[PDB]
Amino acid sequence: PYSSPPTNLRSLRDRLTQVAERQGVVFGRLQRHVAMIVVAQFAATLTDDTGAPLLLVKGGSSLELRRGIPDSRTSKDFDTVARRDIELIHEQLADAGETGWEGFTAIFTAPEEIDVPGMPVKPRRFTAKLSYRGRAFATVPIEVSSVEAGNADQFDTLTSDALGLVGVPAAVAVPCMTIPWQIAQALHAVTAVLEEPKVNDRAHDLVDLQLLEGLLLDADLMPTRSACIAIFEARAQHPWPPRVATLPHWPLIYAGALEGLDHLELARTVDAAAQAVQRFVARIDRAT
């Protein structure tokens, strides 16, 4: 370990190089993960007046936090759900980023709407540009969805020690969407029928749903059914329960999403993955 924090960006990167070497990880992916954790720390400072989180992490980023880098799909976006308007969330992130944390600062670009049906308020996408002690470090894509039903009524908190590995002492504890609600969202997304020229490329959700199933406590199955019902009815698109179909290009896209997960007991082919997720859907549907 290191006795002091990195003096400058050059030092931060060298330590990342050493930790990447050590940990058998590609530098760019480790940098990305550390950058995501810095953004998560800013997100975790956004609270309501009772101290409850305004932003909860979901999707690939939460899976990475729950399972660790080796046992999770390589995540791209920092996906979240927000309990306030995007202008407020963005502004508070901007304030936190300017104040900084452990030498890191961030500016946040303009939130842009993503077209998604079934949502009165559509999700927003922007970027955090991070610096370390005044010098550009990395950029992180962020996506923010509006609350649906009870999907932000509770949260789990996941801690990462990744910053410690480069001599930055503070632990980062990150509030995340609970597994029942992440399951509801992923099932809806993976079984959605997309519009016109747009084609569902979401085979990776089949990986995520298997990882979520592995983490789900048997006593949270009834809440999972409730959560699924709530999302499927709120969005009012395809009905519950869905059929887990796979599209012609999904075999290779699915196989791509398995990168770095050999040591896990996952379906190794998209057909097997679809069968596994369909069995999960049936088990959830039985939990009335």
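Don't overthink the numbering: it's just position in the shown sequence, from 1.
Next on the checklist: Averaging CA B factors per stretch from the PDB record, which one is higher: 190 to 198 or 212 to 220?
Outcome noted: Stretch with the greater average CA B-factor: 190 to 198.
Item to check | Between 278 to 286 and 4 to 12 (mean CA B-factor, as deposited), the higher | outcome: Stretch with the greater average CA B-factor: 4 to 12.
Item to check | Largest Cα B-factor, entry values, listed residues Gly28, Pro242, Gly256, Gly60 | outcome: By C-alpha B-factor in the record, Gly28 ranks first.
Checklist entry - So among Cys176, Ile183, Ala110, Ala149, who wins on Cα B-factor in the entry? => result Highest CA B-factor of the listed options: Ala149.
Checklist entry - Which third of the chain does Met36 land in by C-alpha B-factor: lowest, middle or highest? => result Middle third of the chain for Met36's C-alpha B-factor.
Checklist entry - Lowest, middle or highest third: where is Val172 by C-alpha B factor in its chain? => result It falls in the middle third of the chain.
Item to check | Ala128, C-alpha B-factor rank within chain (lowest, middle or highest third) | outcome: Within its chain, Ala128 is a middle-third residue by C-alpha B-factor, going by the deposited values.
Checklist entry - How does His263 rank on Cα B-factor within its chain, lowest, middle or highest third? => result For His263, whose C-alpha B-factor we compare with every modelled residue in the chain, the answer is the highest third.
Checklist entry - What third of its chain, lowest, middle or highest, does the C-alpha temperature factor of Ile69 fall into? => result For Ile69, the deposited C-alpha B-factor lands in the highest third.
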